[PDB]
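Residue numbers (the entry's author numbering), protein chains in the order written: chain A, 151 to 199; chain B, 648 to 696; chain C, 15 to 1376.
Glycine included, C-beta positions come from ideal geometry on N, C-alpha and C.
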Amino acid sequence: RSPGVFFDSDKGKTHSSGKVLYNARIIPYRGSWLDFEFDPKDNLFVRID
Amino acid sequence: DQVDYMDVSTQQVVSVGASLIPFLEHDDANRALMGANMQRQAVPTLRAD
Amino acid sequence: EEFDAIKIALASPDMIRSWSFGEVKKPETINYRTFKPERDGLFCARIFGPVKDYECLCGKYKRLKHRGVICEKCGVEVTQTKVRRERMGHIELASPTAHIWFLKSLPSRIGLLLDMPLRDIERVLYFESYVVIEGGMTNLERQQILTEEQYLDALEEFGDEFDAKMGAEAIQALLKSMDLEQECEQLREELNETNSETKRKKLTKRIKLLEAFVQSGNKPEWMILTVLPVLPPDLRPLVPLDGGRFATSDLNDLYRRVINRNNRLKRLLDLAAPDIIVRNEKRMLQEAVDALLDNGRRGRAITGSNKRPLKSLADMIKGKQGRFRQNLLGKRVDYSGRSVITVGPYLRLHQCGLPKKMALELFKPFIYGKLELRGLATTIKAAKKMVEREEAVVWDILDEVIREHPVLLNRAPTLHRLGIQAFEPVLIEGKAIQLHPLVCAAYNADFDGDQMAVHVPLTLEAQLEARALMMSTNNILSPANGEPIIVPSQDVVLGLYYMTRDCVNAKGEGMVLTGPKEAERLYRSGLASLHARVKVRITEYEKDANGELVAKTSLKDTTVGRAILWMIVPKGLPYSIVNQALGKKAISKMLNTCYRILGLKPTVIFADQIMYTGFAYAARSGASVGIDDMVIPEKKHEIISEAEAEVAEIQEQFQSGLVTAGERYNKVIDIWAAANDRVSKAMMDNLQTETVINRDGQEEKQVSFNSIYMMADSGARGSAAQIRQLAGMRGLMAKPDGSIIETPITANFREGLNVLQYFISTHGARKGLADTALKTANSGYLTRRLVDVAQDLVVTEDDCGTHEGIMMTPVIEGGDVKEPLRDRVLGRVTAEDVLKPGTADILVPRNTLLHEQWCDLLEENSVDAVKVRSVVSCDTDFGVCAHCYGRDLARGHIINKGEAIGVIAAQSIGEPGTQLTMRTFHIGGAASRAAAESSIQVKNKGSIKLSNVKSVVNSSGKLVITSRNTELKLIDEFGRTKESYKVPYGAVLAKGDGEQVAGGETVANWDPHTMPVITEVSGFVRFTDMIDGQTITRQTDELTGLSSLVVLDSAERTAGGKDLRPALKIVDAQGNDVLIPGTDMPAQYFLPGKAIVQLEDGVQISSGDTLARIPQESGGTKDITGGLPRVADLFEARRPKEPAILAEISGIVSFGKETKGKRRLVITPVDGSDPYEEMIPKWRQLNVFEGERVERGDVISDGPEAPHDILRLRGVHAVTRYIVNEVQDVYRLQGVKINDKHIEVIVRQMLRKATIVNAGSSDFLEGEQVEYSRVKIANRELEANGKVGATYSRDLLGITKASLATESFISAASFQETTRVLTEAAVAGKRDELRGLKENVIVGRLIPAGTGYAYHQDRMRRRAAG
DNA sequence: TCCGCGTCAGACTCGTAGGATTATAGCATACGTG
DNA sequence: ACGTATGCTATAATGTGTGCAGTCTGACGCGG
Ligand SMILES: Nc1ccn([C@@H]2O[C@H](COP(=O)(O)OP(=O)(O)OP(=O)(O)O)[C@@H](O)[C@H]2O)c(=O)n1
Ligand SMILES: [Mg+2]
Ligand SMILES: [Mg+2]
Ligand SMILES: [Zn+2]
């Protein structure tokens, strides 16, 4: 996987909600990971590594 | 006028393993794969024919 | 050495000391130059014994002269090295340490017993917070955690009167103080008060644990280890390599971590070091102990040299790579050799080529034996050299022993029992094994580079077993289906086809012969073709009423070839069988016929002769593969070019904006699907009868002798499906995702694909071959899962003495009868006298096997429905009777007692799934579905008979159906079901109920790519809870502005309109609701998700109009890939996410109370005075409409049926009928043939345990779930003694759980969850007395089944006799 | 008692192939056996 | 005497971190 930024979405983490939760992820060549992700209530979250 | 580019040769889709198979065009991709995989396993003979 | 049981209990610190022969006090392995044990080290000989057989270290006492002498200097005994893997050790832990398997292996166990959580215990262990052991002053109560702040408060204030400590020390004292006697009574009292579900569950489990703990004799303190056992050094080896290197197991390394830290703790306790340091040392010590027992569990597994984790103890008992699966149930075996196999077309069925140099090494001890007899070898090393030199006369001795000696031939993988068959070896000079063509089918052995393992049966019993059971001749029919697996294919079929098949005049037409020998005379003389119609005088031999054979001589108009084949045909079968053109399907009946008539001998001969003549005449033909043979039909370019413009038409309509993307997607598939079948049939219509050019006078029409066609028509290789790609059209390929490419492959293999046509072909090819590799594990894992639960089933009794059986009906699905009742009820014992229509005389006895000839009289009498003695209806405790099972389909007559069915059943079920996941996964690569079920056409005249149907007449004048599971029968003259169809919801019927129809009439018509919502009442449409943006969306066009509304589901829906249900409410002209005729339901159809609506608000409607159109996208070839999961889920008994509701007890329905649409039901039975209430959703529609005569388990809702819901209500024979139908439906879709009795085996095993409801004479009581056989044996003594009956209610169990339920813990740990199984078995102190096969195969004893059944029962009378 | 999200359990069976680590001072009396 | 083992040195120095992060369906077990 090529470093940079990448936008994905688990087409149904919770098929309970069945909500397409969108997420972004900064992939470096060296360094820590930087992810942003929504949730069932569309609250933006950040999960380093 | 809508065409902007064109495939150079007719062999660029395939690899080296597959470019040696004659009449590939008349062969199923499942048997073509096995054929190119076995062509790599071909022990050279006493007299090169 | 010969025992009865194996027990598992908790290792007491005192017990661990009993096995240990010393205490390892140092990590020192060996000295560096002197490669010898160190002083009380990990390889110490003073603890684990001497190195060599009878040798001390320093070398003072040597061999047996000093039998059991203990040396002075080194202090080492002089016994065998035997003891170095037997003798154990121990370590005296400075501070006590907790066991990870009684802490982390959930349930907590140590926490479950204390009534204490995990966090609480761990924070005590890692020294974060203290815990109260016992507070004299009732200020602080037990098991109350105090932070480092809260401990200090109680110390100066209260103090002394409260005893609280920290670390593994504390929790041990907590376990040592707790009273199992008192806290058992306390929990029983709290249970009598007001009991719920969760409260009673928790209490009963703890209650049983507490009683189990007292009766197991285990003490809860042994959960903490004061003593740590050491593994024998030979079982954790330090051995030197050939290269001067050494090598050690990871245990030794993990051991050195434990001993170092433990000794460092002894040192720090000597120094009286500050507690902060002592804490770290204790945390470390526990980290090391926990890492030794189970490394990767509590935290990060301690990684070692190659950055990989150290292999711990538990790991060698854990899973595949553990001792069980890898080094015990499976073994590498002596007298075993494997080699590339090649064909053996000269061999008979009971023969196989075995290389000389192979059989040489294999039979090495049998040469040395026969050599000493003749006196050629005086000793064995003399015989060894005689063999080595390979001298001439040794070959002749080897050749002597091998004669009349069977060998086992295995091919991987071993799916079913036929994966090994025995033969009589024939020595051949060459490194290749030569195998018999007909049994190639059983192995699935292709001579394309296959290897087969050889095994020599040593013991005379093994020679008899191999000749009796495992011989190729004794194994013909599959155990799965009563059908021959020993059936020609490939060349053999083609040769017979060439022979029998006829042609016009030819050389010598219409000639006249004395015998089938004159036909061979004239053909080989060159004055007749095998395809010439000539009258021949053949004398056929027909069996009479007795055993005597009747002879009949007559003139038969066949062909020269057919006549010659009669020579192979034994005398006892009719000639009409070889009078047809023989193909693979026809040939399979010849051998079956031959078998059911004459017997075994005649068939083996026949089978071989068929094979020989097949190959020979196949080669005489000269059958080839020219490219002029792959004929494309005349008008392919004419069909496609105009079938392309057809698709181009809809493409322009879509961009205009009328036909939706999903409707177009289904509509374009139907065009291509018609064109594909159009090209396929034009091909064979031009290829089958290409021979329109004959002779005689002028012309005649005849079958085509095109090489490729013959090779497909005969059923030799390929089919109409393959030829389509060759001369016709390749067809539509499948993506690796599962979706089908919109653009298929136009070209074939003759004309040649362009560059993309091949690129496109790849997508379907790679995904088809990806599911050959990856999907195979699910199917093979199923075989494993099935087997374990069905290990124990063996035929025990002869007659169970039970009346119970299983009523079976004919599988008549999809017009043409799918499976005849005769075939369904074949070789199954009846449970009830089943006579002929006129009830006035019996014809079939109750307890009698149904042979094919008895089933023929069922056809004359036309049996309606039959109660067959089933497996599940068996009363035999621990096994089944031969009557319940019936015939062994593999054999052909009633099953032997002692034959192990369960394993035969499991194999039969997993083979087809594992075999249909590789055969058309490597040779296929494209979808071939045709789900255009638009309309039912009835074929024979009949009266229309609908059932479970509730229809309503529409504006047009057409009977529209408003019921989901509507069935359509076809009733004949006398009044019996011939054809049967599934008419779906919102289908338009041509004629209603009771009306006559003619043959070839469209009785029903509908749209397949749509699921309409149809009304029952007329008036206007109202929008309720259909707010734009929240629940639905809107999209308009141009000039006028026709908008469509699309209903969003919880996936595409906001949190605003989640509890809002969208529905199209019906109203009248005034604006009020319209009642549905004869119900208090205002008309309201709830629309589900992705429901497309064309009518907007305020539109007039009649009854029968379509309100909305729910899309029905399902164009993914289920095959075996997406059909096995559904099988697994059924067996594993996983309730669906939309189970259908059923009535519990019979009586009067009475609708009750409601909650914002959530419907209740206050049912008040006629006999039962106490009401029963159950809740129901709003959006879900029912089937009954209130106030009704409902019985036990009527259908109230529609959807998937939960297997637990079926047995709970409608008994055993209902859940058995469900699984059997449901499973077979998936396999019948694939053409997998399995007898229902094999599934019934697994079903029976899934009904093993049962929950008790009512107190009995034994201490059963409520909440216990015991096996069904044990509780019924208690009922045997109860009906004799009286006392209190133990009422019950059988429960259904999934495969994975039914395996872990069996009293045998050895069988459970050998399966999976091995970490948990052992811990639960240790705490219970359970003893396994071994009944299953896994149990006795492990210990390497006689299997309590099959050959060993006669032996094991002779030991059971040793126990009975005192 | 029910919902949410944490850990923990599986993932077919047999055959073949070949290799490499870093570093722990420095010197002077104390402890164990021919 | 020979090998192993124990012992002491005196500038000041006083809280670690390291490393793989598209598995997945299914099933409980503690809080909230
Ligand atoms: N990964 C594999 C490959 C092969 N096999 C075994 O080898 C058999 C034959 O594989 P193959 O020769 O590739 O398939 P065929 O059906 O003989 O097809 P082909 O015409 O391509 O030879 C399979 O049925 C199976 O028993 C297997 O179990 N696992
Ligand atoms: Mg093969
Ligand atoms: Mg093959
Ligand atoms: Zn000694």
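Which word fits residue i, buried or exposed, when buried means at least 16 other C-beta atoms lie within 10 angstroms of its C-beta?
{"i": "B/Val655", "result": "exposed"}
{"i": "C/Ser655", "result": "exposed"}
{"i": "C/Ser486", "result": "buried"}
{"i": "C/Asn1268", "result": "exposed"}
{"i": "B/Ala695", "result": "exposed"}
{"i": "C/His545", "result": "buried"}
{"i": "C/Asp193", "result": "exposed"}
{"i": "C/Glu925", "result": "buried"}
{"i": "C/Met697", "result": "buried"}
{"i": "C/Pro254", "result": "exposed"}
{"i": "C/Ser119", "result": "buried"}
Relative to ligand 6, is the shortest distance from any of its heavy atoms to the C-beta of residue i smaller than 7 Å?
{"i": "C/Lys76", "result": "This structure lacks ligand 6; its bound ligands are ligand 1, ligand 2, ligand 3 and ligand 4."}
Can you give me the C-alpha to C-alpha distance between residue i and residue j, rounded to a whole angstrom?
{"i": "C/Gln929", "j": "C/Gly509", "result": "27 Å"}
{"i": "C/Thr1131", "j": "C/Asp889", "result": "43 Å"}
{"i": "C/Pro851", "j": "C/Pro859", "result": "16 Å"}
{"i": "C/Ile1159", "j": "C/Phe1145", "result": "27 Å"}
{"i": "C/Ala1012", "j": "C/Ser994", "result": "16 Å"}
{"i": "C/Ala456", "j": "C/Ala941", "result": "28 Å"}
{"i": "C/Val1027", "j": "C/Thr1038", "result": "16 Å"}
{"i": "C/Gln1108", "j": "A/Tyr179", "result": "53 Å"}
{"i": "C/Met625", "j": "C/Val507", "result": "8 Å"}
{"i": "C/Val357", "j": "C/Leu1138", "result": "34 Å"}
{"i": "C/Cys198", "j": "C/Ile221", "result": "6 Å"}
{"i": "C/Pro246", "j": "C/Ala25", "result": "17 Å"}
{"i": "C/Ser961", "j": "C/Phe773", "result": "51 Å"}
Near residue i, what residues of its chain come up, given a Cβ to Cβ distance below 8 Å and the 5 sequence neighbours on each side ignored?
{"i": "C/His907", "result": "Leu863, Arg901"}
{"i": "C/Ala784", "result": "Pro750"}
{"i": "C/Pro1214", "result": "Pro1150, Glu1152, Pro1153, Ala1154"}
Suppose the cutoff is 6 Å on Cβ atoms and the five residues either side in sequence are ignored; what does the same chain contact list for residue i look like?
{"i": "C/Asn495", "result": "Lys1247"}
{"i": "C/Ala1001", "result": "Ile975, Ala1018, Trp1020"}
Roughly how far, in whole angstroms, is the beta-carbon of residue i from the beta-carbon of residue j, given that I think they are within contact range, below 8 Å?
{"i": "C/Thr1333", "j": "C/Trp33", "result": "At roughly 20 Å, the Cβ-Cβ gap does not stay under 8 Å, so C/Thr1333 and C/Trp33 are not in contact."}
{"i": "C/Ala1105", "j": "C/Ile1124", "result": "5 Å"}
{"i": "C/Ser728", "j": "C/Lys598", "result": "7 Å"}
{"i": "C/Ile105", "j": "C/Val244", "result": "7 Å"}
{"i": "C/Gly586", "j": "C/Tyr609", "result": "That pair is no contact at about 11 Å."}
{"i": "C/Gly742", "j": "C/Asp1051", "result": "The pair is not a contact, with the Cβ atoms about 42 Å apart (cut-off 8 Å)."}
{"i": "C/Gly782", "j": "C/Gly927", "result": "The pair is not a contact, with the Cβ atoms about 17 Å apart (cut-off 8 Å)."}
Starting from the C-beta of residue i, find all residues in its chain whose C-beta is less than 7 Å away, skip the five residues before and the five after it, and write them out in chain order.
{"i": "C/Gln504", "result": "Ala730, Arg731"}
{"i": "C/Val1081", "result": "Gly1033, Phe1034, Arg1036, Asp1087, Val1088"}
{"i": "C/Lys325", "result": "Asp264"}
*asked:* Closer than 5 Å between the C-beta and any heavy atom of ligand 2: which residues qualify, listed along the chain?
replied: Near ligand 2, meaning a beta-carbon closer than 5 Å to one of its heavy atoms, we find C/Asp460, C/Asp462, C/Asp464.
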